[PDB]
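**Student:** File protein-v6.cif below, mmCIF, N, CA and C atoms and all ligand atoms:
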data_start
loop_
_atom_site.group_PDB
_atom_site.id
_atom_site.type_symbol
_atom_site.label_atom_id
_atom_site.label_comp_id
_atom_site.auth_asym_id
_atom_site.auth_seq_id
_atom_site.Cartn_x
_atom_site.Cartn_y
_atom_site.Cartn_z
ATOM 1 N N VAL I 1 94.341 125.139 176.197
ATOM 2 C CA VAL I 1 94.430 125.216 174.707
ATOM 3 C C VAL I 1 95.479 126.255 174.340
ATOM 4 N N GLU I 2 96.157 126.069 173.223
ATOM 5 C CA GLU I 2 97.107 127.052 172.713
ATOM 6 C C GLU I 2 96.563 127.667 171.429
ATOM 7 N N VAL I 3 96.682 128.979 171.301
ATOM 8 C CA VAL I 3 96.180 129.710 170.136
ATOM 9 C C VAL I 3 97.341 130.470 169.536
ATOM 10 N N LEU I 4 97.638 130.298 168.247
ATOM 11 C CA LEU I 4 98.707 131.067 167.618
ATOM 12 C C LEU I 4 98.194 132.412 167.133
ATOM 13 N N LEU I 5 99.011 133.443 167.315
ATOM 14 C CA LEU I 5 98.760 134.785 166.850
ATOM 15 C C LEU I 5 99.480 134.997 165.502
ATOM 16 N N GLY I 6 98.721 134.855 164.437
ATOM 17 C CA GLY I 6 99.287 134.994 163.073
ATOM 18 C C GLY I 6 99.607 133.617 162.512
ATOM 19 N N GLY I 7 99.346 133.394 161.211
ATOM 20 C CA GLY I 7 99.867 132.164 160.594
ATOM 21 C C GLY I 7 101.347 132.338 160.351
ATOM 22 N N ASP I 8 102.057 131.264 159.977
ATOM 23 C CA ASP I 8 103.495 131.382 159.703
ATOM 24 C C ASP I 8 103.772 132.288 158.515
ATOM 25 N N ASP I 9 102.822 132.394 157.598
ATOM 26 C CA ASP I 9 102.895 133.224 156.413
ATOM 27 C C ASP I 9 102.550 134.683 156.708
ATOM 28 N N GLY I 10 102.300 135.031 157.964
ATOM 29 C CA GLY I 10 101.916 136.401 158.300
ATOM 30 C C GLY I 10 100.444 136.688 158.147
ATOM 31 N N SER I 11 99.592 135.682 157.943
ATOM 32 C CA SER I 11 98.159 135.889 157.823
ATOM 33 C C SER I 11 97.600 136.369 159.171
ATOM 34 N N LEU I 12 96.600 137.255 159.102
ATOM 35 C CA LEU I 12 96.244 137.975 160.354
ATOM 36 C C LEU I 12 95.068 137.273 161.009
ATOM 37 N N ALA I 13 95.371 136.134 161.635
ATOM 38 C CA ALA I 13 94.350 135.221 162.142
ATOM 39 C C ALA I 13 94.769 134.685 163.506
ATOM 40 N N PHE I 14 93.788 134.488 164.385
ATOM 41 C CA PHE I 14 94.012 133.596 165.532
ATOM 42 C C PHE I 14 93.849 132.169 165.060
ATOM 43 N N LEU I 15 94.728 131.253 165.437
ATOM 44 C CA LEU I 15 94.590 129.849 165.046
ATOM 45 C C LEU I 15 94.626 128.939 166.252
ATOM 46 N N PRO I 16 93.518 128.326 166.654
ATOM 47 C CA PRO I 16 92.231 128.451 166.042
ATOM 48 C C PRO I 16 91.458 129.714 166.372
ATOM 49 N N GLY I 17 90.445 130.091 165.581
ATOM 50 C CA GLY I 17 89.798 131.392 165.780
ATOM 51 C C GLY I 17 88.460 131.244 166.481
ATOM 52 N N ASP I 18 87.880 130.072 166.539
ATOM 53 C CA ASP I 18 86.585 129.829 167.180
ATOM 54 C C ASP I 18 86.737 128.484 167.882
ATOM 55 N N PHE I 19 86.736 128.456 169.205
ATOM 56 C CA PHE I 19 87.073 127.238 169.923
ATOM 57 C C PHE I 19 86.318 127.224 171.253
ATOM 58 N N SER I 20 86.360 126.067 171.875
ATOM 59 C CA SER I 20 85.679 125.876 173.150
ATOM 60 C C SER I 20 86.687 125.431 174.195
ATOM 61 N N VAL I 21 86.505 125.863 175.442
ATOM 62 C CA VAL I 21 87.315 125.418 176.557
ATOM 63 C C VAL I 21 86.370 125.075 177.727
ATOM 64 N N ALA I 22 86.908 124.342 178.691
ATOM 65 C CA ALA I 22 86.154 124.144 179.932
ATOM 66 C C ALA I 22 86.389 125.366 180.822
ATOM 67 N N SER I 23 85.431 125.698 181.668
ATOM 68 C CA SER I 23 85.689 126.697 182.709
ATOM 69 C C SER I 23 86.933 126.312 183.487
ATOM 70 N N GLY I 24 87.847 127.251 183.687
ATOM 71 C CA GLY I 24 89.096 127.057 184.383
ATOM 72 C C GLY I 24 90.246 126.489 183.610
ATOM 73 N N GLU I 25 90.092 126.240 182.321
ATOM 74 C CA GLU I 25 91.170 125.768 181.466
ATOM 75 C C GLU I 25 92.014 126.958 180.994
ATOM 76 N N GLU I 26 93.331 126.842 180.975
ATOM 77 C CA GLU I 26 94.174 127.979 180.607
ATOM 78 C C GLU I 26 94.235 128.118 179.087
ATOM 79 N N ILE I 27 94.224 129.355 178.619
ATOM 80 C CA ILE I 27 94.352 129.674 177.199
ATOM 81 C C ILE I 27 95.722 130.341 177.055
ATOM 82 N N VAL I 28 96.547 129.724 176.218
ATOM 83 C CA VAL I 28 97.891 130.219 175.960
ATOM 84 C C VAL I 28 97.914 130.849 174.580
ATOM 85 N N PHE I 29 98.049 132.171 174.535
ATOM 86 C CA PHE I 29 98.174 132.833 173.224
ATOM 87 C C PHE I 29 99.658 132.964 172.903
ATOM 88 N N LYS I 30 100.084 132.383 171.789
ATOM 89 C CA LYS I 30 101.507 132.380 171.453
ATOM 90 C C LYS I 30 101.798 133.204 170.215
ATOM 91 N N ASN I 31 102.647 134.236 170.347
ATOM 92 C CA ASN I 31 102.896 135.100 169.195
ATOM 93 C C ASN I 31 103.671 134.346 168.110
ATOM 94 N N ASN I 32 103.191 134.471 166.870
ATOM 95 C CA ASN I 32 103.781 133.615 165.837
ATOM 96 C C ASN I 32 104.400 134.459 164.746
ATOM 97 N N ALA I 33 103.613 135.150 163.927
ATOM 98 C CA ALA I 33 104.181 135.973 162.846
ATOM 99 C C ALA I 33 103.243 137.104 162.532
ATOM 100 N N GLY I 34 103.645 138.134 161.782
ATOM 101 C CA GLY I 34 102.769 139.243 161.440
ATOM 102 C C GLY I 34 102.534 140.219 162.593
ATOM 103 N N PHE I 35 103.335 140.118 163.628
ATOM 104 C CA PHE I 35 103.138 140.937 164.851
ATOM 105 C C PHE I 35 103.525 142.344 164.474
ATOM 106 N N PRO I 36 103.292 143.349 165.303
ATOM 107 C CA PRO I 36 102.759 143.184 166.630
ATOM 108 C C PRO I 36 101.342 142.657 166.719
ATOM 109 N N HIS I 37 101.051 141.934 167.804
ATOM 110 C CA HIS I 37 99.691 141.480 168.099
ATOM 111 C C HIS I 37 99.412 141.691 169.595
ATOM 112 N N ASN I 38 98.150 141.767 169.963
ATOM 113 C CA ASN I 38 97.779 141.575 171.372
ATOM 114 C C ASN I 38 96.410 140.919 171.394
ATOM 115 N N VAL I 39 95.859 140.861 172.613
ATOM 116 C CA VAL I 39 94.586 140.161 172.821
ATOM 117 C C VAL I 39 93.748 141.039 173.753
ATOM 118 N N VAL I 40 92.649 141.547 173.230
ATOM 119 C CA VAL I 40 91.748 142.362 174.049
ATOM 120 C C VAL I 40 90.350 141.757 173.941
ATOM 121 N N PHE I 41 89.627 141.682 175.055
ATOM 122 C CA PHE I 41 88.238 141.186 175.019
ATOM 123 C C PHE I 41 87.262 142.336 174.856
ATOM 124 N N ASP I 42 86.222 142.105 174.059
ATOM 125 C CA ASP I 42 85.235 143.135 173.776
ATOM 126 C C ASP I 42 84.211 143.187 174.905
ATOM 127 N N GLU I 43 84.107 144.322 175.597
ATOM 128 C CA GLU I 43 83.321 144.289 176.840
ATOM 129 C C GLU I 43 81.829 144.221 176.549
ATOM 130 N N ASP I 44 81.382 144.506 175.334
ATOM 131 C CA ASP I 44 80.001 144.277 174.954
ATOM 132 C C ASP I 44 79.651 142.851 174.589
ATOM 133 N N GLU I 45 80.642 141.995 174.359
ATOM 134 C CA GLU I 45 80.386 140.659 173.844
ATOM 135 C C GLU I 45 81.019 139.592 174.728
ATOM 136 N N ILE I 46 80.938 139.748 176.049
ATOM 137 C CA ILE I 46 81.376 138.682 176.962
ATOM 138 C C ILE I 46 80.259 138.500 177.990
ATOM 139 N N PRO I 47 80.288 137.477 178.810
ATOM 140 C CA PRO I 47 79.199 137.239 179.767
ATOM 141 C C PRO I 47 79.044 138.347 180.799
ATOM 142 N N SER I 48 77.795 138.454 181.314
ATOM 143 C CA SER I 48 77.454 139.459 182.310
ATOM 144 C C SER I 48 78.300 139.225 183.545
ATOM 145 N N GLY I 49 78.790 140.286 184.168
ATOM 146 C CA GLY I 49 79.536 140.113 185.419
ATOM 147 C C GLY I 49 81.006 139.842 185.168
ATOM 148 N N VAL I 50 81.452 139.847 183.900
ATOM 149 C CA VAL I 50 82.896 139.679 183.686
ATOM 150 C C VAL I 50 83.490 141.052 183.423
ATOM 151 N N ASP I 51 84.574 141.395 184.085
ATOM 152 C CA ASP I 51 85.251 142.689 183.775
ATOM 153 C C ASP I 51 86.319 142.465 182.695
ATOM 154 N N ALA I 52 86.116 143.084 181.533
ATOM 155 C CA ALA I 52 87.076 142.832 180.413
ATOM 156 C C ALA I 52 88.451 143.345 180.756
ATOM 157 N N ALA I 53 88.613 144.302 181.688
ATOM 158 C CA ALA I 53 89.914 144.836 182.015
ATOM 159 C C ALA I 53 90.800 143.818 182.713
ATOM 160 N N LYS I 54 90.260 142.831 183.400
ATOM 161 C CA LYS I 54 91.078 141.849 184.093
ATOM 162 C C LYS I 54 91.633 140.803 183.118
ATOM 163 N N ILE I 55 90.958 140.583 182.018
ATOM 164 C CA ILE I 55 91.369 139.466 181.147
ATOM 165 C C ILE I 55 92.042 140.013 179.899
ATOM 166 N N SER I 56 92.009 141.315 179.631
ATOM 167 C CA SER I 56 92.584 141.857 178.395
ATOM 168 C C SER I 56 94.015 142.272 178.662
ATOM 169 N N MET I 57 94.859 142.258 177.618
ATOM 170 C CA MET I 57 96.161 142.895 177.734
ATOM 171 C C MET I 57 96.058 144.404 177.907
ATOM 172 N N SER I 58 97.052 144.985 178.558
ATOM 173 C CA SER I 58 97.228 146.433 178.667
ATOM 174 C C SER I 58 97.348 147.017 177.274
ATOM 175 N N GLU I 59 96.823 148.215 177.075
ATOM 176 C CA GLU I 59 96.712 148.798 175.729
ATOM 177 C C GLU I 59 98.053 149.059 175.083
ATOM 178 N N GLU I 60 99.096 149.360 175.854
ATOM 179 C CA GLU I 60 100.381 149.650 175.217
ATOM 180 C C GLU I 60 101.245 148.402 175.133
ATOM 181 N N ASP I 61 100.763 147.288 175.659
ATOM 182 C CA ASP I 61 101.590 146.070 175.689
ATOM 183 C C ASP I 61 101.275 145.295 174.414
ATOM 184 N N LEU I 62 102.233 145.235 173.506
ATOM 185 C CA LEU I 62 102.044 144.489 172.262
ATOM 186 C C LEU I 62 103.072 143.370 172.274
ATOM 187 N N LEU I 63 102.765 142.219 171.697
ATOM 188 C CA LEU I 63 103.766 141.159 171.551
ATOM 189 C C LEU I 63 104.515 141.386 170.245
ATOM 190 N N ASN I 64 105.823 141.586 170.353
ATOM 191 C CA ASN I 64 106.606 142.020 169.190
ATOM 192 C C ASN I 64 107.762 141.086 168.885
ATOM 193 N N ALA I 65 107.799 139.903 169.488
ATOM 194 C CA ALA I 65 108.825 138.913 169.119
ATOM 195 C C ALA I 65 108.217 137.525 169.076
ATOM 196 N N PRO I 66 108.670 136.655 168.179
ATOM 197 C CA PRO I 66 108.208 135.290 168.099
ATOM 198 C C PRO I 66 108.250 134.542 169.406
ATOM 199 N N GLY I 67 107.150 133.894 169.794
ATOM 200 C CA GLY I 67 107.152 132.954 170.900
ATOM 201 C C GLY I 67 106.713 133.638 172.202
ATOM 202 N N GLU I 68 106.674 134.968 172.247
ATOM 203 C CA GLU I 68 106.125 135.604 173.455
ATOM 204 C C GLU I 68 104.699 135.154 173.711
ATOM 205 N N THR I 69 104.253 135.001 174.941
ATOM 206 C CA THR I 69 102.919 134.472 175.192
ATOM 207 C C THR I 69 102.116 135.417 176.095
ATOM 208 N N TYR I 70 100.814 135.266 176.027
ATOM 209 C CA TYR I 70 99.884 135.877 176.986
ATOM 210 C C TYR I 70 98.986 134.742 177.466
ATOM 211 N N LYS I 71 98.859 134.549 178.759
ATOM 212 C CA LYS I 71 98.087 133.408 179.280
ATOM 213 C C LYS I 71 96.906 133.961 180.063
ATOM 214 N N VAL I 72 95.730 133.387 179.840
ATOM 215 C CA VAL I 72 94.543 133.867 180.590
ATOM 216 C C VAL I 72 93.638 132.682 180.863
ATOM 217 N N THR I 73 92.896 132.728 181.970
ATOM 218 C CA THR I 73 91.969 131.648 182.308
ATOM 219 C C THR I 73 90.580 132.232 182.518
ATOM 220 N N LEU I 74 89.581 131.632 181.888
ATOM 221 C CA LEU I 74 88.216 132.163 181.908
ATOM 222 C C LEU I 74 87.370 131.198 182.755
ATOM 223 N N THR I 75 86.519 131.747 183.606
ATOM 224 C CA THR I 75 85.693 130.863 184.448
ATOM 225 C C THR I 75 84.208 131.028 184.209
ATOM 226 N N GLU I 76 83.729 132.219 183.917
ATOM 227 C CA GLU I 76 82.284 132.443 183.746
ATOM 228 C C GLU I 76 81.875 131.796 182.432
ATOM 229 N N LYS I 77 80.844 130.944 182.475
ATOM 230 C CA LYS I 77 80.425 130.243 181.267
ATOM 231 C C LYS I 77 79.824 131.164 180.231
ATOM 232 N N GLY I 78 79.963 130.835 178.938
ATOM 233 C CA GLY I 78 79.347 131.709 177.932
ATOM 234 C C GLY I 78 80.307 131.923 176.758
ATOM 235 N N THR I 79 79.906 132.843 175.894
ATOM 236 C CA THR I 79 80.757 133.143 174.732
ATOM 237 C C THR I 79 81.420 134.499 174.888
ATOM 238 N N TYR I 80 82.697 134.528 174.472
ATOM 239 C CA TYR I 80 83.550 135.684 174.589
ATOM 240 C C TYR I 80 84.161 136.018 173.217
ATOM 241 N N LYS I 81 83.958 137.242 172.794
ATOM 242 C CA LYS I 81 84.612 137.781 171.610
ATOM 243 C C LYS I 81 85.885 138.510 171.983
ATOM 244 N N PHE I 82 86.990 138.242 171.261
ATOM 245 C CA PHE I 82 88.199 139.003 171.492
ATOM 246 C C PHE I 82 88.821 139.398 170.154
ATOM 247 N N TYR I 83 89.795 140.290 170.210
ATOM 248 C CA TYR I 83 90.422 140.711 168.964
ATOM 249 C C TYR I 83 91.848 141.172 169.230
ATOM 250 N N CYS I 84 92.574 141.308 168.105
ATOM 251 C CA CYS I 84 93.888 141.925 168.135
ATOM 252 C C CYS I 84 93.759 143.404 167.751
ATOM 253 N N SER I 85 94.092 144.302 168.655
ATOM 254 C CA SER I 85 93.825 145.727 168.452
ATOM 255 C C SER I 85 94.339 146.357 167.179
ATOM 256 N N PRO I 86 95.622 146.201 166.846
ATOM 257 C CA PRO I 86 96.173 146.689 165.588
ATOM 258 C C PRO I 86 95.578 146.093 164.346
ATOM 259 N N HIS I 87 95.040 144.874 164.368
ATOM 260 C CA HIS I 87 94.588 144.137 163.210
ATOM 261 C C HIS I 87 93.100 143.883 163.214
ATOM 262 N N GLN I 88 92.360 144.612 164.061
ATOM 263 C CA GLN I 88 90.937 144.325 164.186
ATOM 264 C C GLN I 88 90.182 144.633 162.897
ATOM 265 N N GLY I 89 90.489 145.731 162.220
ATOM 266 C CA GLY I 89 89.966 146.044 160.903
ATOM 267 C C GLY I 89 90.341 145.053 159.822
ATOM 268 N N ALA I 90 91.456 144.324 159.945
ATOM 269 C CA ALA I 90 91.814 143.297 158.984
ATOM 270 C C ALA I 90 91.194 141.935 159.263
ATOM 271 N N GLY I 91 90.353 141.780 160.281
ATOM 272 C CA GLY I 91 89.635 140.524 160.488
ATOM 273 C C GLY I 91 90.294 139.678 161.577
ATOM 274 N N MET I 92 91.213 140.271 162.346
ATOM 275 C CA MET I 92 91.887 139.414 163.343
ATOM 276 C C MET I 92 91.078 139.420 164.637
ATOM 277 N N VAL I 93 90.079 138.574 164.669
ATOM 278 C CA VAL I 93 89.075 138.526 165.731
ATOM 279 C C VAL I 93 88.833 137.061 166.050
ATOM 280 N N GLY I 94 88.404 136.716 167.266
ATOM 281 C CA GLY I 94 88.120 135.302 167.529
ATOM 282 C C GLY I 94 87.019 135.172 168.597
ATOM 283 N N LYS I 95 86.621 133.926 168.792
ATOM 284 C CA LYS I 95 85.540 133.710 169.765
ATOM 285 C C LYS I 95 85.840 132.462 170.549
ATOM 286 N N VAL I 96 85.657 132.511 171.880
ATOM 287 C CA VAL I 96 85.866 131.304 172.688
ATOM 288 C C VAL I 96 84.573 131.060 173.473
ATOM 289 N N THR I 97 84.102 129.823 173.446
ATOM 290 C CA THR I 97 82.957 129.446 174.276
ATOM 291 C C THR I 97 83.477 128.691 175.485
ATOM 292 N N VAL I 98 83.080 129.130 176.682
ATOM 293 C CA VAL I 98 83.457 128.494 177.930
ATOM 294 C C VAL I 98 82.282 127.671 178.491
ATOM 295 N N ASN I 99 82.517 126.383 178.688
ATOM 296 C CA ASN I 99 81.407 125.578 179.231
ATOM 297 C C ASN I 99 81.778 124.792 180.470
HETATM 298 CU CU CU B 101 97.469 141.275 165.364
#
Reformat the file's structure so that it appears as structure tokens.
**Tutor:**
Amino acid sequence: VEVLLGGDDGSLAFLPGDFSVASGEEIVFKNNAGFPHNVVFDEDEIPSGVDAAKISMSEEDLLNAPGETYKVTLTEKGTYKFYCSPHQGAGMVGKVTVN
């Protein structure tokens, strides 16, 4: 699945923001507008036994140009909350269910 970071109008949203994937399906986050953006998983809101540090972007790594991507693959079934660090207070948060 591909997820855009920001609407074209600069709206601070993942598109789509709540979605489902199969275990082992790749998630392509594509930087769109309103950046900088990144993708960090909330370690309190992902399945047991998953280390959020392996699937989250590095804290200083921000996507700052159109079309840059971050790709991640999730295998443990369950629901995962993630967010964009700079825009988390503005509502830029999303959820992926892995089945
Ligand atoms: Cu952002």
**Student:** Within 7 Å of ligand CU 101 (chain B), which residues of chain I come that close, and what is the closest atom pair and distance in Å for each? Count all atoms listed in the file and give it as JSON lines.
**Tutor:**
{"residue": "I:5", "atom": "C", "partner": "B:CU101", "partner_atom": "CU", "distance": 6.6}
{"residue": "I:6", "atom": "N", "partner": "B:CU101", "partner_atom": "CU", "distance": 6.6}
{"residue": "I:12", "atom": "CA", "partner": "B:CU101", "partner_atom": "CU", "distance": 6.1}
{"residue": "I:13", "atom": "N", "partner": "B:CU101", "partner_atom": "CU", "distance": 6.7}
{"residue": "I:34", "atom": "C", "partner": "B:CU101", "partner_atom": "CU", "distance": 5.9}
{"residue": "I:35", "atom": "CA", "partner": "B:CU101", "partner_atom": "CU", "distance": 5.7}
{"residue": "I:36", "atom": "C", "partner": "B:CU101", "partner_atom": "CU", "distance": 4.3}
{"residue": "I:37", "atom": "CA", "partner": "B:CU101", "partner_atom": "CU", "distance": 3.5}
{"residue": "I:38", "atom": "N", "partner": "B:CU101", "partner_atom": "CU", "distance": 4.7}
{"residue": "I:83", "atom": "C", "partner": "B:CU101", "partner_atom": "CU", "distance": 6.8}
{"residue": "I:84", "atom": "CA", "partner": "B:CU101", "partner_atom": "CU", "distance": 4.6}
{"residue": "I:85", "atom": "N", "partner": "B:CU101", "partner_atom": "CU", "distance": 5.6}
{"residue": "I:86", "atom": "C", "partner": "B:CU101", "partner_atom": "CU", "distance": 5.3}
{"residue": "I:87", "atom": "N", "partner": "B:CU101", "partner_atom": "CU", "distance": 4.5}
{"residue": "I:88", "atom": "N", "partner": "B:CU101", "partner_atom": "CU", "distance": 6.2}
{"residue": "I:92", "atom": "CA", "partner": "B:CU101", "partner_atom": "CU", "distance": 6.2}
**Student:** Kindly indicate which residue among I:54, I:45, I:2, I:99 lies nearest to residue 78 of chain I, using only C-alpha atoms for the distances.
**Tutor:** I:99
**Student:** Please return as a list in words: the residues of chain I that backbone DSSP assigns to alpha helix (DSSP H).
**Tutor:** residues 52, 53, 54 and 55 of chain I
**Student:** Which one is closest to residue 17 of chain I: I:31, I:69, I:51, I:4? Count only C-alpha atoms.
**Tutor:**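 Residue with the minimum atom-to-atom distance to residue 17 of chain I: I:4.
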**Student:** Find, counting only C-alpha atoms, the residue in I:22, I:93, I:33, I:28 that gets nearest to residue 65 of chain I.
**Tutor:**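 Under the stated criterion, the closest residue is I:33.
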**Student:** Please, what is the axis-aligned box for every listed atom of segment 32-39 of chain I with 3 Å on each side, as centre and edge lengths in Å to one decimal, as JSON?
**Tutor:**
{"center_x": 99.1, "center_y": 138.5, "center_z": 167.6, "size_x": 16.7, "size_y": 15.7, "size_z": 18.3}
**Student:** Given the file shown, determine the residues that the PyMOL selection byres (((chain I and resi 57) around 8) and not hetatm) selects; report them as a tab-separated table (two decimals) with N, CA and C atoms, keeping the file's coordinate frame.
**Tutor:**
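Saved result, out_33.tsv, follows:
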chain	number	residue	atom	x	y	z
I	38	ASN	N	98.15	141.77	169.96
I	38	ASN	CA	97.78	141.57	171.37
I	38	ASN	C	96.41	140.92	171.39
I	39	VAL	N	95.86	140.86	172.61
I	39	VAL	CA	94.59	140.16	172.82
I	39	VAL	C	93.75	141.04	173.75
I	40	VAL	N	92.65	141.55	173.23
I	40	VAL	CA	91.75	142.36	174.05
I	40	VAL	C	90.35	141.76	173.94
I	41	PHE	N	89.63	141.68	175.06
I	41	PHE	CA	88.24	141.19	175.02
I	41	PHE	C	87.26	142.34	174.86
I	52	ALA	N	86.12	143.08	181.53
I	52	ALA	CA	87.08	142.83	180.41
I	52	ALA	C	88.45	143.34	180.76
I	53	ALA	N	88.61	144.30	181.69
I	53	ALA	CA	89.91	144.84	182.02
I	53	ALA	C	90.80	143.82	182.71
I	54	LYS	N	90.26	142.83	183.40
I	54	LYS	CA	91.08	141.85	184.09
I	54	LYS	C	91.63	140.80	183.12
I	55	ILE	N	90.96	140.58	182.02
I	55	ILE	CA	91.37	139.47	181.15
I	55	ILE	C	92.04	140.01	179.90
I	56	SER	N	92.01	141.32	179.63
I	56	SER	CA	92.58	141.86	178.40
I	56	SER	C	94.02	142.27	178.66
I	58	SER	N	97.05	144.99	178.56
I	58	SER	CA	97.23	146.43	178.67
I	58	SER	C	97.35	147.02	177.27
I	59	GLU	N	96.82	148.22	177.08
I	59	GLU	CA	96.71	148.80	175.73
I	59	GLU	C	98.05	149.06	175.08
I	60	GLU	N	99.10	149.36	175.85
I	60	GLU	CA	100.38	149.65	175.22
I	60	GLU	C	101.24	148.40	175.13
I	61	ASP	N	100.76	147.29	175.66
I	61	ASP	CA	101.59	146.07	175.69
I	61	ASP	C	101.28	145.29	174.41
I	62	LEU	N	102.23	145.24	173.51
I	62	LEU	CA	102.04	144.49	172.26
I	62	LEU	C	103.07	143.37	172.27
I	70	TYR	N	100.81	135.27	176.03
I	70	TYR	CA	99.88	135.88	176.99
I	70	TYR	C	98.99	134.74	177.47
**Student:** Please, what distance in Å, to one decimal, runs between atom C of residue 30 of chain I and atom C of residue 66 of chain I?
**Tutor:** 6.6 Å
**Student:** The PyMOL selection byres (((chain I and resi 74 and name CA) around 6) and not hetatm and name CA) on the file shown: which residues, as a ChimeraX atom specification?
**Tutor:** /I:24,73,75
**Student:** Just the number, please: distance in Å from atom C of residue 82 of chain I to atom C of residue 18 of chain I, one decimal.
**Tutor:** 11.3 Å
**Student:** Can you check which residues of chain I DSSP gives as strand (DSSP E or B) on the backbone and send them as a tab-separated table (two decimals) with N, CA and C atoms, in the coordinates of the input?
**Tutor:**
chain	number	residue	atom	x	y	z
I	2	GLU	N	96.16	126.07	173.22
I	2	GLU	CA	97.11	127.05	172.71
I	2	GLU	C	96.56	127.67	171.43
I	3	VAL	N	96.68	128.98	171.30
I	3	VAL	CA	96.18	129.71	170.14
I	3	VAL	C	97.34	130.47	169.54
I	4	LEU	N	97.64	130.30	168.25
I	4	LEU	CA	98.71	131.07	167.62
I	4	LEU	C	98.19	132.41	167.13
I	5	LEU	N	99.01	133.44	167.32
I	5	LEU	CA	98.76	134.78	166.85
I	5	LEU	C	99.48	135.00	165.50
I	14	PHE	N	93.79	134.49	164.38
I	14	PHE	CA	94.01	133.60	165.53
I	14	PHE	C	93.85	132.17	165.06
I	15	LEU	N	94.73	131.25	165.44
I	15	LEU	CA	94.59	129.85	165.05
I	15	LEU	C	94.63	128.94	166.25
I	18	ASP	N	87.88	130.07	166.54
I	18	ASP	CA	86.58	129.83	167.18
I	18	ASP	C	86.74	128.48	167.88
I	19	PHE	N	86.74	128.46	169.20
I	19	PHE	CA	87.07	127.24	169.92
I	19	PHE	C	86.32	127.22	171.25
I	20	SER	N	86.36	126.07	171.88
I	20	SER	CA	85.68	125.88	173.15
I	20	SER	C	86.69	125.43	174.20
I	21	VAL	N	86.50	125.86	175.44
I	21	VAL	CA	87.32	125.42	176.56
I	21	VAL	C	86.37	125.08	177.73
I	26	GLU	N	93.33	126.84	180.98
I	26	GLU	CA	94.17	127.98	180.61
I	26	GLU	C	94.24	128.12	179.09
I	27	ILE	N	94.22	129.35	178.62
I	27	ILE	CA	94.35	129.67	177.20
I	27	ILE	C	95.72	130.34	177.06
I	28	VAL	N	96.55	129.72	176.22
I	28	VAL	CA	97.89	130.22	175.96
I	28	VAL	C	97.91	130.85	174.58
I	29	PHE	N	98.05	132.17	174.54
I	29	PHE	CA	98.17	132.83	173.22
I	29	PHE	C	99.66	132.96	172.90
I	30	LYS	N	100.08	132.38	171.79
I	30	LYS	CA	101.51	132.38	171.45
I	30	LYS	C	101.80	133.20	170.22
I	31	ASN	N	102.65	134.24	170.35
I	31	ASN	CA	102.90	135.10	169.20
I	31	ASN	C	103.67	134.35	168.11
I	37	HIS	N	101.05	141.93	167.80
I	37	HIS	CA	99.69	141.48	168.10
I	37	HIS	C	99.41	141.69	169.60
I	40	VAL	N	92.65	141.55	173.23
I	40	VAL	CA	91.75	142.36	174.05
I	40	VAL	C	90.35	141.76	173.94
I	41	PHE	N	89.63	141.68	175.06
I	41	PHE	CA	88.24	141.19	175.02
I	41	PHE	C	87.26	142.34	174.86
I	63	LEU	N	102.76	142.22	171.70
I	63	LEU	CA	103.77	141.16	171.55
I	63	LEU	C	104.52	141.39	170.24
I	69	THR	N	104.25	135.00	174.94
I	69	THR	CA	102.92	134.47	175.19
I	69	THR	C	102.12	135.42	176.10
I	70	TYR	N	100.81	135.27	176.03
I	70	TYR	CA	99.88	135.88	176.99
I	70	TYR	C	98.99	134.74	177.47
I	71	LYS	N	98.86	134.55	178.76
I	71	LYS	CA	98.09	133.41	179.28
I	71	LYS	C	96.91	133.96	180.06
I	72	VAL	N	95.73	133.39	179.84
I	72	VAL	CA	94.54	133.87	180.59
I	72	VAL	C	93.64	132.68	180.86
I	73	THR	N	92.90	132.73	181.97
I	73	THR	CA	91.97	131.65	182.31
I	73	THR	C	90.58	132.23	182.52
I	78	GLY	N	79.96	130.84	178.94
I	78	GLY	CA	79.35	131.71	177.93
I	78	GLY	C	80.31	131.92	176.76
I	79	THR	N	79.91	132.84	175.89
I	79	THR	CA	80.76	133.14	174.73
I	79	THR	C	81.42	134.50	174.89
I	80	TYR	N	82.70	134.53	174.47
I	80	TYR	CA	83.55	135.68	174.59
I	80	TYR	C	84.16	136.02	173.22
I	81	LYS	N	83.96	137.24	172.79
I	81	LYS	CA	84.61	137.78	171.61
I	81	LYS	C	85.88	138.51	171.98
I	82	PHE	N	86.99	138.24	171.26
I	82	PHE	CA	88.20	139.00	171.49
I	82	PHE	C	88.82	139.40	170.15
I	83	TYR	N	89.80	140.29	170.21
I	83	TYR	CA	90.42	140.71	168.96
I	83	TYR	C	91.85	141.17	169.23
I	93	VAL	N	90.08	138.57	164.67
I	93	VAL	CA	89.08	138.53	165.73
I	93	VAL	C	88.83	137.06	166.05
I	94	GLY	N	88.40	136.72	167.27
I	94	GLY	CA	88.12	135.30	167.53
I	94	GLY	C	87.02	135.17	168.60
I	95	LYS	N	86.62	133.93	168.79
I	95	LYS	CA	85.54	133.71	169.76
I	95	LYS	C	85.84	132.46	170.55
I	96	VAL	N	85.66	132.51	171.88
I	96	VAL	CA	85.87	131.30	172.69
I	96	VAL	C	84.57	131.06	173.47
I	97	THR	N	84.10	129.82	173.45
I	97	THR	CA	82.96	129.45	174.28
I	97	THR	C	83.48	128.69	175.48
I	98	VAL	N	83.08	129.13	176.68
I	98	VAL	CA	83.46	128.49	177.93
I	98	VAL	C	82.28	127.67	178.49
**Student:** Atom N of residue 44 of chain I and atom C of residue 79 of chain I are how many Å apart?
**Tutor:**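 According to the coordinates, atom N of residue 44 of chain I and atom C of residue 79 of chain I are separated by 10.0 Å.
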**Student:** Between I:26, I:68, I:8, I:76, which residue has the minimum interatomic distance to residue 49 of chain I, considering only C-alpha atoms?
**Tutor:** I:76
**Student:** Which one of I:72, I:50, I:64, I:81 sits closest to residue 94 of chain I if you count only N, CA and C atoms?
**Tutor:** I:81
**Student:** With only C-alpha atoms as the basis for distance, which of I:47, I:77, I:42, I:96 is at the shortest distance from residue 14 of chain I?
**Tutor:**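 Ranking I:47, I:77, I:42, I:96 by distance to residue 14 of chain I, first place goes to I:96.
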